[PDB]
Amino acid sequence: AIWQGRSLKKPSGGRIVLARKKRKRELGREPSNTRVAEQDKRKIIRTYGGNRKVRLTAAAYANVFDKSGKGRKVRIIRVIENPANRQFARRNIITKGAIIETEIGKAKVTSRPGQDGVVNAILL
Amino acid sequence: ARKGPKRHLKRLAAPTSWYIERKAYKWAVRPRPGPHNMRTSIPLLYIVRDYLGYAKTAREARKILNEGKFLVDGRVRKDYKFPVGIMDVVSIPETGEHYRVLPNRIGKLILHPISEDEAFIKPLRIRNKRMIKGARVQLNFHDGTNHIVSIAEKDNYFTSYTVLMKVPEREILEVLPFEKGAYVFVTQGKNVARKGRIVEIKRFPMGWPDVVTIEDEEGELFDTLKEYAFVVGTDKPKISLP
Amino acid sequence: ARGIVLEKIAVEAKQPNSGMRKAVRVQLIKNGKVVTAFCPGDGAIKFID
Amino acid sequence: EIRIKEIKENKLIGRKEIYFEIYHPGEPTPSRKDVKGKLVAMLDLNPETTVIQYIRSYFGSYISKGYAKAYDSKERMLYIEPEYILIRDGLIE
Amino acid sequence: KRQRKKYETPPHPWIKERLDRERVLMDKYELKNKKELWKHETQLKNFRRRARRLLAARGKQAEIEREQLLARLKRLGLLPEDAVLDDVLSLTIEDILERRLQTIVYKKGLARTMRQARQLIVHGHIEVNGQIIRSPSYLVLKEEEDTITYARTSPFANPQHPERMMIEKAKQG
RNA sequence: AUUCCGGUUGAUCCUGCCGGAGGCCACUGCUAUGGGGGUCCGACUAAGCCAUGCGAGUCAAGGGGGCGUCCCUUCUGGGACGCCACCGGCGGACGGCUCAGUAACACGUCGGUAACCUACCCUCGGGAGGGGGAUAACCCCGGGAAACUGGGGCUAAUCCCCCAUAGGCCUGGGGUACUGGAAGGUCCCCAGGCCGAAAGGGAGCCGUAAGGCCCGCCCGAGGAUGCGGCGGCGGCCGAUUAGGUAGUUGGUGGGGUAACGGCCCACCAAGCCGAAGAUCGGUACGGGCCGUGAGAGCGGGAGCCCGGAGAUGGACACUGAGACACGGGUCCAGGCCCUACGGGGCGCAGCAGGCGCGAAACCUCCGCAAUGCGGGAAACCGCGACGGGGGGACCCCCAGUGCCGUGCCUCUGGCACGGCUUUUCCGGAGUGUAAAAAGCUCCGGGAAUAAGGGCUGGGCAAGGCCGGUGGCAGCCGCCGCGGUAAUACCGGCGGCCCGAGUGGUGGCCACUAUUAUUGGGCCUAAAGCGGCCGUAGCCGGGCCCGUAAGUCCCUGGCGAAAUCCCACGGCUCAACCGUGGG
């Protein structure tokens, strides 16, 4: 169970025993791992209180926004660099802050694909 | 352990504002969510069965509520868990009986009888102002109700002001503002059920609310928070206030 | 406690007192230990066996 | 001897609630029928539309309290009253 | 939450002096068991405790409780109507013992003997304020003290009952 | 209410400890507990095992079928009632039960959520277009000992689905009106993309149809119910447990969550806690409260309310707004029930009851009502919630088991005579069952029909003679008694205490200034060290200037209820409850 619960060790290091079992609300979900592809693949997820979260498993197009403010729905070629983790750039995995190469050029992503379902970026 | 919402209420757990024999039976009618807060309301079933003595047992109160022979602020309400709070007008046209619920000096609630012409005015405390798309201003009142006005009329209103409302048709009659000298009735605190005149403000930063200073009818000076200062008049009360 | 008597034992009193006091060694059901138990009342040990 | 203390009228229910004291010094506590027959006399009520709730005879007292109830129509009585009280007074077998 | 006893046991229940004092307070007033006497001591005791608490106490609420104390002591008929918070200390066990209903009926002459008064009380032939009380240990207010009469249905209310005239002549004699 | 007394010596004083003397809680002897009124009962052991019955449902005004009957018309067929089960909306996550676990932001209080969610609720603004599809019940048909379950035709829904647009989300740029101290958010325009609404309805009045009433569906925005996580302070023992921690602590940048957060990931750096007791171990649900005491204080957390947590141990997932869900599901372990043996299914720390354990805790009961919950707008329905009752020397309050006059004694108490009430029993009548009883309440015949337990040498003053025993039998909380004369052993009599109770054991507070802050001792009895130095810590010269942390006074909010104290009122007073005050 992907448990986003309490830490199990005190700030002093005393090992804390578990006083109670895990509850439904304190567990997360798997890492989406958005990857580049020829089409966009999406999945809807029921969440706390009946809300929905849309999750992207394949990425093909991006919304590059001009410094002026216009938008352009272009295609994605490859990820340039992933400062969050070195493994992710190699495996063509897209997350917020990643610099990606498109037909326009270099774009830094300023949207979380794992929750928004869409990739929005600013060109450099 | 608990796995979801509460559906009962032990009588001993009843709020402090209710005239109820706490050691009669185990349970009490849990109020449903509604206009006012838990702190400042009561199910009308107690109003009918107990404060009026019209019904002895609960079953007959179910029946009388089903017949819809009551008007809470000009609306028949058959929901026996409905919470009736502060400044709401209970109206029984059959007996021509009109009362208003007001807090007591001890902090409990009581039915002050009122005339017919008073029966359709209700004061609403403007709890907040929120803008809705299309630029429509929305006043959220102290009793879980809302009203919409226009942008040009936003200057007229402010939070914590009072609005005397023709409740049976939801029409704004007048708005009592806040400035020094308004006549004010206190809702909560040890100064509950006190009527006086505003004297001075006390701005406190860091989440510490605003405190007004009230002078009593004879001139005694005391203090109380903002949200308890229910304005009813600018010079004299506009309603029969015990 | 409740127990089973295993033997009747008499005991000499402590001097300067002189006399013979009857009692029984009892094994206790609750934990199994064996302990002595004084019998009170004159002419009473006959009724414990 | 019966003497009233208060009579109230629930206009919402259309009902008369009456509280009365029975002086029966040296007398056994009266039944329901006799008190009904006497009470209906001076109050000008239809006995079939009248029922008696309780006749509480206190300890060491010759005054017994009584609480009685008078409707204006049969159907309000049938629709509002619980069955068992009608059965006690005999208005339902 | 438990309902505690209302009376108190003596700290050493084998003092000769206290035992004999209890005995001479028992024989005269003819109480059944020492529970009653100790209870009758106890209400005196906490009256004195209240007196001591309030005498030193300051603040308006102290005054209110003091006035209520004096008022109820007067209403009991235990004190003269002009008393102050001082003389409440000097009360005695006998002062309460007179205020007992069983004592009052005897001092009204309705009974030749103490136990006769008790028997009449428990047998319900004595009424107060139009109501019958079956407890000889009941404490009587001042205002009620003139309403003590025979129970109306009781034969003893009848002047010709075969148990009335000896009482009457004993009162006269 | 601030109490002492017996016991060290030939005799005295002191120290010091032990025993008596009181209350509360368990177990238990005897004895009744007759009567009544308000309260508790597997509370420390086996959170061991359990046959059994019950404990959770309701809606056919959403929907469409079938069955029975009534009536009318009968080719048909409508309407009334009931049944069937299904679709389906809601409920079954609350309520009941227990204290194993846990030394913890589990709990108490005070603040913050701007870093969240929210089905049933209330209110302001708006919407309900078009179209499509699904299979129960029933008729044909079958297995097995069963659980359970196949297959053909068949039907409609507010059942499901697509599109239309609002709207939901995310981002870049540009402005600005608002809550607010501010933040950021909210408001508007432009730009880019993703997702993406509904549901009408039975009856009835008028109405040809419509249209007005009733119930119901959906979007935006709040409020409110319930909840989630964040913090300060508070509150055990062990130093014969002194160093501890490895994502362990922080920074950068991200994943995941409803939501902030090492919660998780990658990189970087070496941090975080400890003598003001880290770590480890023992121990324990926390609080309001409860027992004792003059009070400082000491102890205890079972019955009731709040918060916490749990379902044989562990682990895991669906549906849901809300669960990893006592009477939903799967696996392991472990125990067990049925079976042509292929396989199935069980789970009382729910009510009632059994086995086991042990010193130790009850009826396999009656109603869905008074209160209160889900459903149905309504009637009403169910509830081992609850309310009644059943057993019990569970707690507290009241009450007697004879009274009076005469005469004699044991004149204190009893004895005989005469009269008197009828503390129970029998009958009638009220509440009341939401039915009988509940013996409650009023009336009629009427016994004088329920009193025992302990002690009798002294501390406890507390109560004295005669027989049997003769260092034996025997008695005792301590001191002490008995080897012929026993006021202390057993029996008789007498007397003393308490009384429907009394006795025995165990546990807890007082006694105890034998834990000493108030308030203890260390030359000779327990105890000042074999000496000096000095760190933290503690205590610290006088005067003047300043601050105002402590200290004190006034004032705002708050520290729930029940419980504690007091007056009045209700049940005959009281216990219990109400209003008011503290």
# chains A, B, ... in the order shown; residues from 1 in each chain; ligands from 1
>>> interface_residues(of="chain D", to="chain B", cutoff="8 Å", atoms="only C-alpha atoms", output="PyMOL selection string")
chain D and resi 10-13+80
>>> closest_atom_pairs(of="chain A", to="chain B", cutoff="12 Å", atoms="only C-alpha atoms", output="tab-separated table")
residue	atom	partner	partner_atom	distance
A:20	CA	B:1	CA	10.5
A:21	CA	B:1	CA	11.3
A:23	CA	B:3	CA	10.0
A:24	CA	B:3	CA	10.5
A:25	CA	B:3	CA	11.5
>>> closest_atom_pairs(of="chain D", to="chain E", cutoff="8 Å", atoms="only C-alpha atoms", output="Markdown table")
| residue | atom | partner | partner_atom | distance |
| --- | --- | --- | --- | --- |
| D:25 | CA | E:153 | CA | 7.3 |
| D:26 | CA | E:153 | CA | 5.9 |
| D:60 | CA | E:132 | CA | 5.2 |
| D:61 | CA | E:131 | CA | 6.1 |
>>> residues_around(residues="residue 355 of chain F", least_positions_apart="5", cutoff="12 Å", atoms="only C-alpha atoms (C1' of nucleotides)", output="PDB file with N, CA and C atoms (P, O5', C5', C4', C3', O3' and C1' of nucleotides), in the first residue's frame")
ATOM      1  P     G F  48      -7.290 -13.402  24.312  1.00  0.00           P
ATOM      2  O5'   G F  48      -8.335 -14.330  25.070  1.00  0.00           O
ATOM      3  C5'   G F  48      -9.465 -14.835  24.389  1.00  0.00           C
ATOM      4  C4'   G F  48      -9.496 -16.335  24.414  1.00  0.00           C
ATOM      5  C3'   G F  48     -10.572 -16.981  23.559  1.00  0.00           C
ATOM      6  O3'   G F  48     -10.213 -17.087  22.195  1.00  0.00           O
ATOM      7  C1'   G F  48     -10.599 -17.949  25.701  1.00  0.00           C
ATOM      8  P     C F  49     -11.354 -17.092  21.069  1.00  0.00           P
ATOM      9  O5'   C F  49     -12.201 -18.403  21.381  1.00  0.00           O
ATOM     10  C5'   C F  49     -11.671 -19.686  21.097  1.00  0.00           C
ATOM     11  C4'   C F  49     -12.602 -20.784  21.534  1.00  0.00           C
ATOM     12  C3'   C F  49     -13.912 -20.898  20.772  1.00  0.00           C
ATOM     13  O3'   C F  49     -13.756 -21.639  19.576  1.00  0.00           O
ATOM     14  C1'   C F  49     -14.286 -21.095  23.117  1.00  0.00           C
ATOM     15  P     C F  50     -14.683 -21.361  18.298  1.00  0.00           P
ATOM     16  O5'   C F  50     -16.128 -21.804  18.771  1.00  0.00           O
ATOM     17  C5'   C F  50     -17.094 -20.833  19.116  1.00  0.00           C
ATOM     18  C4'   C F  50     -18.225 -21.471  19.860  1.00  0.00           C
ATOM     19  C3'   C F  50     -19.614 -21.029  19.464  1.00  0.00           C
ATOM     20  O3'   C F  50     -20.066 -21.624  18.265  1.00  0.00           O
ATOM     21  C1'   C F  50     -19.449 -21.033  21.798  1.00  0.00           C
ATOM     22  P     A F  51     -21.460 -21.164  17.620  1.00  0.00           P
ATOM     23  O5'   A F  51     -22.515 -22.205  18.204  1.00  0.00           O
ATOM     24  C5'   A F  51     -22.271 -23.597  18.109  1.00  0.00           C
ATOM     25  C4'   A F  51     -23.523 -24.413  18.285  1.00  0.00           C
ATOM     26  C3'   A F  51     -24.814 -23.792  17.800  1.00  0.00           C
ATOM     27  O3'   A F  51     -24.953 -23.780  16.396  1.00  0.00           O
ATOM     28  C1'   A F  51     -25.186 -24.764  19.892  1.00  0.00           C
TER      29        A F  51
END
>>> residues_around(residues="segment 28-30 of chain E", least_positions_apart="3", cutoff="8 Å", atoms="only C-alpha atoms (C1' of nucleotides)", output="list in words")
residues 24, 25, 97, 103, 114 and 115 of chain E
>>> write_last_selection(atoms="N, CA and C atoms", output="short mmCIF file (atom, residue, chain, number, x, y, z; two decimals), in the first residue's frame")
data_model
loop_
_atom_site.label_atom_id
_atom_site.label_comp_id
_atom_site.auth_asym_id
_atom_site.auth_seq_id
_atom_site.Cartn_x
_atom_site.Cartn_y
_atom_site.Cartn_z
N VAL E 24 -28.50 9.52 76.78
CA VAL E 24 -29.47 10.41 77.40
C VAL E 24 -30.15 11.29 76.37
N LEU E 25 -29.56 11.47 75.19
CA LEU E 25 -30.30 12.10 74.11
C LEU E 25 -31.22 11.13 73.40
N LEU E 97 -33.67 18.81 67.70
CA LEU E 97 -34.53 17.71 68.14
C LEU E 97 -35.94 18.19 68.48
N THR E 103 -41.23 15.16 67.91
CA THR E 103 -41.24 15.98 69.12
C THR E 103 -42.41 16.94 69.12
N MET E 114 -43.91 9.39 73.90
CA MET E 114 -43.13 9.58 72.69
C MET E 114 -43.42 8.49 71.67
N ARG E 115 -43.32 7.23 72.09
CA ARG E 115 -43.51 6.15 71.14
C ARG E 115 -44.95 6.09 70.65
#
>>> select_by_dssp(residues="chain B", states="alpha helix (DSSP H)", output="MDAnalysis selection string")
chainID B and resid 44:46 58:66
>>> write_last_selection(atoms="N, CA and C atoms", output="PDB file, in the first residue's frame")
ATOM      1  N   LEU B  44     -37.028  22.904  15.764  1.00  0.00           N
ATOM      2  CA  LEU B  44     -38.361  23.412  16.041  1.00  0.00           C
ATOM      3  C   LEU B  44     -39.237  22.391  16.746  1.00  0.00           C
ATOM      4  N   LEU B  45     -38.867  21.110  16.738  1.00  0.00           N
ATOM      5  CA  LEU B  45     -39.670  20.133  17.456  1.00  0.00           C
ATOM      6  C   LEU B  45     -39.732  20.474  18.932  1.00  0.00           C
ATOM      7  N   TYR B  46     -38.619  20.927  19.498  1.00  0.00           N
ATOM      8  CA  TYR B  46     -38.662  21.391  20.874  1.00  0.00           C
ATOM      9  C   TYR B  46     -39.500  22.652  21.002  1.00  0.00           C
ATOM     10  N   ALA B  58     -44.194  13.170  20.861  1.00  0.00           N
ATOM     11  CA  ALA B  58     -43.545  13.569  19.622  1.00  0.00           C
ATOM     12  C   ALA B  58     -44.399  13.234  18.410  1.00  0.00           C
ATOM     13  N   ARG B  59     -45.151  12.130  18.464  1.00  0.00           N
ATOM     14  CA  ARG B  59     -45.934  11.696  17.309  1.00  0.00           C
ATOM     15  C   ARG B  59     -46.888  12.791  16.851  1.00  0.00           C
ATOM     16  N   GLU B  60     -47.598  13.398  17.796  1.00  0.00           N
ATOM     17  CA  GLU B  60     -48.534  14.451  17.442  1.00  0.00           C
ATOM     18  C   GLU B  60     -47.809  15.665  16.888  1.00  0.00           C
ATOM     19  N   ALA B  61     -46.569  15.898  17.314  1.00  0.00           N
ATOM     20  CA  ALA B  61     -45.773  16.952  16.701  1.00  0.00           C
ATOM     21  C   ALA B  61     -45.381  16.612  15.273  1.00  0.00           C
ATOM     22  N   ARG B  62     -45.090  15.342  14.988  1.00  0.00           N
ATOM     23  CA  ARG B  62     -44.907  14.953  13.594  1.00  0.00           C
ATOM     24  C   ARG B  62     -46.150  15.297  12.797  1.00  0.00           C
ATOM     25  N   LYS B  63     -47.319  14.980  13.345  1.00  0.00           N
ATOM     26  CA  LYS B  63     -48.552  15.209  12.599  1.00  0.00           C
ATOM     27  C   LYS B  63     -48.802  16.698  12.379  1.00  0.00           C
ATOM     28  N   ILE B  64     -48.625  17.511  13.420  1.00  0.00           N
ATOM     29  CA  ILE B  64     -48.892  18.937  13.275  1.00  0.00           C
ATOM     30  C   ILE B  64     -47.903  19.565  12.309  1.00  0.00           C
ATOM     31  N   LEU B  65     -46.658  19.093  12.290  1.00  0.00           N
ATOM     32  CA  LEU B  65     -45.715  19.618  11.315  1.00  0.00           C
ATOM     33  C   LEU B  65     -46.069  19.164   9.908  1.00  0.00           C
ATOM     34  N   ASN B  66     -46.577  17.939   9.773  1.00  0.00           N
ATOM     35  CA  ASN B  66     -47.014  17.462   8.467  1.00  0.00           C
ATOM     36  C   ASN B  66     -48.151  18.309   7.928  1.00  0.00           C
TER      37      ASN B  66
END
>>> closest_atom_pairs(of="chain F", to="chain B", cutoff="8 Å", atoms="only C-alpha atoms (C1' of nucleotides)", output="CSV")
residue,atom,partner,partner_atom,distance
F:93,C1',B:3,CA,4.7
F:94,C1',B:7,CA,4.9
F:95,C1',B:8,CA,7.3
F:121,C1',B:33,CA,4.7
F:122,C1',B:34,CA,4.7
F:123,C1',B:145,CA,4.0
F:124,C1',B:147,CA,4.7
F:125,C1',B:148,CA,7.8
F:178,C1',B:131,CA,6.9
F:179,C1',B:129,CA,6.7
F:181,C1',B:205,CA,5.9
F:186,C1',B:131,CA,7.0
F:187,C1',B:135,CA,6.2
F:221,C1',B:132,CA,6.6
F:222,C1',B:140,CA,6.6
F:223,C1',B:144,CA,4.0
F:224,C1',B:33,CA,5.2
F:225,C1',B:33,CA,4.9
F:226,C1',B:5,CA,4.8
F:227,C1',B:4,CA,7.9
F:305,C1',B:12,CA,7.1
F:308,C1',B:1,CA,7.9
F:309,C1',B:1,CA,6.0
F:310,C1',B:1,CA,7.4
F:322,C1',B:4,CA,5.2
F:323,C1',B:3,CA,6.6
F:370,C1',B:57,CA,7.5
F:371,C1',B:25,CA,5.9
F:372,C1',B:27,CA,5.9
F:373,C1',B:8,CA,7.0
F:378,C1',B:66,CA,7.9
F:555,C1',B:223,CA,8.0
F:556,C1',B:224,CA,5.9
F:557,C1',B:189,CA,7.7
F:560,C1',B:16,CA,7.9
F:561,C1',B:12,CA,5.7
F:562,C1',B:12,CA,6.9
F:577,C1',B:23,CA,7.8
F:578,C1',B:21,CA,7.7
>>> closest_atom_pairs(of="chain A", to="chain F", cutoff="6 Å", atoms="only C-alpha atoms (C1' of nucleotides)", output="tab-separated table")
residue	atom	partner	partner_atom	distance
A:4	CA	F:263	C1'	4.4
A:11	CA	F:272	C1'	5.9
A:12	CA	F:273	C1'	3.8
A:13	CA	F:245	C1'	4.3
A:19	CA	F:102	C1'	4.9
A:28	CA	F:257	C1'	5.3
A:29	CA	F:256	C1'	5.8
A:31	CA	F:255	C1'	6.0
A:48	CA	F:258	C1'	5.5
A:49	CA	F:321	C1'	5.0
A:63	CA	F:192	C1'	5.7
A:65	CA	F:172	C1'	5.1
A:68	CA	F:173	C1'	5.4
A:69	CA	F:173	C1'	3.8
A:70	CA	F:191	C1'	4.3
A:71	CA	F:192	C1'	4.4
A:72	CA	F:192	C1'	5.9
A:84	CA	F:253	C1'	4.8
A:85	CA	F:266	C1'	4.6
A:116	CA	F:170	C1'	5.5
A:120	CA	F:171	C1'	5.6
>>> write_last_selection(atoms="C-alpha atoms", output="PDB file, in the first residue's frame")
ATOM      1  CA  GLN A   4       1.628   8.650   2.676  1.00  0.00           C
ATOM      2  CA  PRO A  11      13.421  13.696  15.297  1.00  0.00           C
ATOM      3  CA  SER A  12      15.636  12.246  18.020  1.00  0.00           C
ATOM      4  CA  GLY A  13      15.545   8.843  16.309  1.00  0.00           C
ATOM      5  CA  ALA A  19      -0.537   2.354  17.487  1.00  0.00           C
ATOM      6  CA  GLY A  28      -1.281   7.741  -2.358  1.00  0.00           C
ATOM      7  CA  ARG A  29      -1.239   6.361  -5.890  1.00  0.00           C
ATOM      8  CA  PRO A  31       3.708   7.559 -10.104  1.00  0.00           C
ATOM      9  CA  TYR A  48     -11.642  11.386  -2.172  1.00  0.00           C
ATOM     10  CA  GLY A  49     -15.213  12.588  -1.984  1.00  0.00           C
ATOM     11  CA  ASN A  63       0.789  23.921 -25.227  1.00  0.00           C
ATOM     12  CA  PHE A  65       2.763  29.820 -24.501  1.00  0.00           C
ATOM     13  CA  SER A  68       3.447  37.880 -25.139  1.00  0.00           C
ATOM     14  CA  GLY A  69       0.625  35.543 -24.096  1.00  0.00           C
ATOM     15  CA  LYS A  70      -0.544  33.657 -27.171  1.00  0.00           C
ATOM     16  CA  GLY A  71      -0.700  29.874 -27.265  1.00  0.00           C
ATOM     17  CA  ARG A  72       0.431  27.181 -29.686  1.00  0.00           C
ATOM     18  CA  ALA A  84      14.281  16.409 -11.057  1.00  0.00           C
ATOM     19  CA  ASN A  85      15.980  13.094 -11.838  1.00  0.00           C
ATOM     20  CA  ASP A 116      -3.515  18.392 -15.044  1.00  0.00           C
ATOM     21  CA  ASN A 120       1.874  23.619 -20.691  1.00  0.00           C
TER      22      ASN A 120
END
>>> interface_residues(of="chain F", to="chain C", cutoff="9 Å", atoms="only C-alpha atoms (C1' of nucleotides)", output="ChimeraX atom specification")
/F:358-359,471-474,490
>>> closest_residue(among="F:428, F:499, F:463, F:287", to="chain D", atoms="only C-alpha atoms (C1' of nucleotides)")
F:428
>>> residues_around(residues="segment 135-149 of chain E", least_positions_apart="6", cutoff="7 Å", atoms="only C-alpha atoms (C1' of nucleotides)", output="ChimeraX atom specification")
/E:75-77,99-102,118,121-122,126-129 /F:573
>>> write_last_selection(atoms="N, CA, C and O atoms (P, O5', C5', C4', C3', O3' and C1' of nucleotides)", output="PDB file, in the first residue's frame")
ATOM      1  N   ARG E  75     -36.609  30.420  58.792  1.00  0.00           N
ATOM      2  CA  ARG E  75     -37.785  29.723  58.278  1.00  0.00           C
ATOM      3  C   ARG E  75     -37.971  28.379  58.957  1.00  0.00           C
ATOM      4  O   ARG E  75     -39.104  27.923  59.140  1.00  0.00           O
ATOM      5  N   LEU E  76     -36.873  27.733  59.339  1.00  0.00           N
ATOM      6  CA  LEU E  76     -36.983  26.503  60.103  1.00  0.00           C
ATOM      7  C   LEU E  76     -37.543  26.745  61.495  1.00  0.00           C
ATOM      8  O   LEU E  76     -37.939  25.786  62.165  1.00  0.00           O
ATOM      9  N   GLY E  77     -37.582  27.994  61.949  1.00  0.00           N
ATOM     10  CA  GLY E  77     -37.966  28.251  63.314  1.00  0.00           C
ATOM     11  C   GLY E  77     -36.905  27.892  64.319  1.00  0.00           C
ATOM     12  O   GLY E  77     -37.202  27.810  65.512  1.00  0.00           O
ATOM     13  N   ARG E  99     -37.431  20.557  66.775  1.00  0.00           N
ATOM     14  CA  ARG E  99     -38.038  20.799  65.476  1.00  0.00           C
ATOM     15  C   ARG E  99     -38.456  19.516  64.774  1.00  0.00           C
ATOM     16  O   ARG E  99     -39.141  19.592  63.750  1.00  0.00           O
ATOM     17  N   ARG E 100     -38.054  18.354  65.278  1.00  0.00           N
ATOM     18  CA  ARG E 100     -38.561  17.107  64.734  1.00  0.00           C
ATOM     19  C   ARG E 100     -40.075  17.068  64.838  1.00  0.00           C
ATOM     20  O   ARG E 100     -40.664  17.531  65.818  1.00  0.00           O
ATOM     21  N   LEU E 101     -40.708  16.502  63.814  1.00  0.00           N
ATOM     22  CA  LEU E 101     -42.155  16.350  63.854  1.00  0.00           C
ATOM     23  C   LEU E 101     -42.578  15.489  65.031  1.00  0.00           C
ATOM     24  O   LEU E 101     -43.566  15.794  65.708  1.00  0.00           O
ATOM     25  N   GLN E 102     -41.840  14.408  65.289  1.00  0.00           N
ATOM     26  CA  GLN E 102     -42.191  13.524  66.392  1.00  0.00           C
ATOM     27  C   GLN E 102     -42.201  14.279  67.709  1.00  0.00           C
ATOM     28  O   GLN E 102     -43.084  14.070  68.547  1.00  0.00           O
ATOM     29  N   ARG E 118     -44.927   8.490  67.827  1.00  0.00           N
ATOM     30  CA  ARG E 118     -44.298   7.877  66.665  1.00  0.00           C
ATOM     31  C   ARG E 118     -45.248   6.902  65.982  1.00  0.00           C
ATOM     32  O   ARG E 118     -45.354   6.888  64.749  1.00  0.00           O
ATOM     33  N   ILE E 121     -47.870   8.683  64.058  1.00  0.00           N
ATOM     34  CA  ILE E 121     -47.315   9.272  62.845  1.00  0.00           C
ATOM     35  C   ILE E 121     -47.187   8.214  61.758  1.00  0.00           C
ATOM     36  O   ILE E 121     -47.657   8.398  60.630  1.00  0.00           O
ATOM     37  N   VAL E 122     -46.566   7.080  62.084  1.00  0.00           N
ATOM     38  CA  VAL E 122     -46.330   6.075  61.051  1.00  0.00           C
ATOM     39  C   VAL E 122     -47.647   5.483  60.581  1.00  0.00           C
ATOM     40  O   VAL E 122     -47.779   5.067  59.426  1.00  0.00           O
ATOM     41  N   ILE E 126     -51.869  11.488  61.427  1.00  0.00           N
ATOM     42  CA  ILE E 126     -51.511  12.883  61.639  1.00  0.00           C
ATOM     43  C   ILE E 126     -51.314  13.530  60.280  1.00  0.00           C
ATOM     44  O   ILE E 126     -50.583  13.000  59.438  1.00  0.00           O
ATOM     45  N   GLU E 127     -51.963  14.671  60.071  1.00  0.00           N
ATOM     46  CA  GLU E 127     -51.869  15.418  58.828  1.00  0.00           C
ATOM     47  C   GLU E 127     -51.289  16.796  59.097  1.00  0.00           C
ATOM     48  O   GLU E 127     -51.520  17.388  60.155  1.00  0.00           O
ATOM     49  N   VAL E 128     -50.536  17.300  58.127  1.00  0.00           N
ATOM     50  CA  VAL E 128     -49.962  18.636  58.181  1.00  0.00           C
ATOM     51  C   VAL E 128     -50.362  19.368  56.914  1.00  0.00           C
ATOM     52  O   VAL E 128     -50.170  18.853  55.807  1.00  0.00           O
ATOM     53  N   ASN E 129     -50.931  20.559  57.078  1.00  0.00           N
ATOM     54  CA  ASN E 129     -51.316  21.400  55.953  1.00  0.00           C
ATOM     55  C   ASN E 129     -52.236  20.659  54.989  1.00  0.00           C
ATOM     56  O   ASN E 129     -52.186  20.874  53.777  1.00  0.00           O
TER      57      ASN E 129
ATOM     58  P     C F 573     -43.077  15.898  48.638  1.00  0.00           P
ATOM     59  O5'   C F 573     -41.999  15.988  49.804  1.00  0.00           O
ATOM     60  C5'   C F 573     -41.838  17.189  50.542  1.00  0.00           C
ATOM     61  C4'   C F 573     -40.862  17.019  51.675  1.00  0.00           C
ATOM     62  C3'   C F 573     -39.471  16.552  51.289  1.00  0.00           C
ATOM     63  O3'   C F 573     -38.651  17.634  50.900  1.00  0.00           O
ATOM     64  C1'   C F 573     -40.262  15.340  53.179  1.00  0.00           C
TER      65        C F 573
END
>>> decode(residues="segment 11-26 of chain C", atoms="C-alpha atoms", output="compact mmCIF listing (two decimals), in the first residue's frame")
# COMPACT_ATOMS: atom_id res chain seq x y z
CA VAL C 11 2.97 -28.06 64.88
CA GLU C 12 4.48 -27.25 68.25
CA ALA C 13 3.81 -23.70 69.36
CA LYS C 14 6.54 -21.18 70.01
CA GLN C 15 8.00 -21.22 73.49
CA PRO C 16 7.40 -20.09 76.21
CA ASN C 17 3.97 -21.06 74.88
CA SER C 18 3.36 -24.82 74.80
CA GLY C 19 0.76 -26.63 72.72
CA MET C 20 0.05 -28.55 69.51
CA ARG C 21 -1.79 -26.87 66.62
CA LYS C 22 -3.19 -28.87 63.74
CA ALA C 23 -3.01 -27.78 60.11
CA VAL C 24 -2.99 -29.22 56.60
CA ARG C 25 -0.61 -28.96 53.66
CA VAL C 26 -2.71 -27.80 50.72
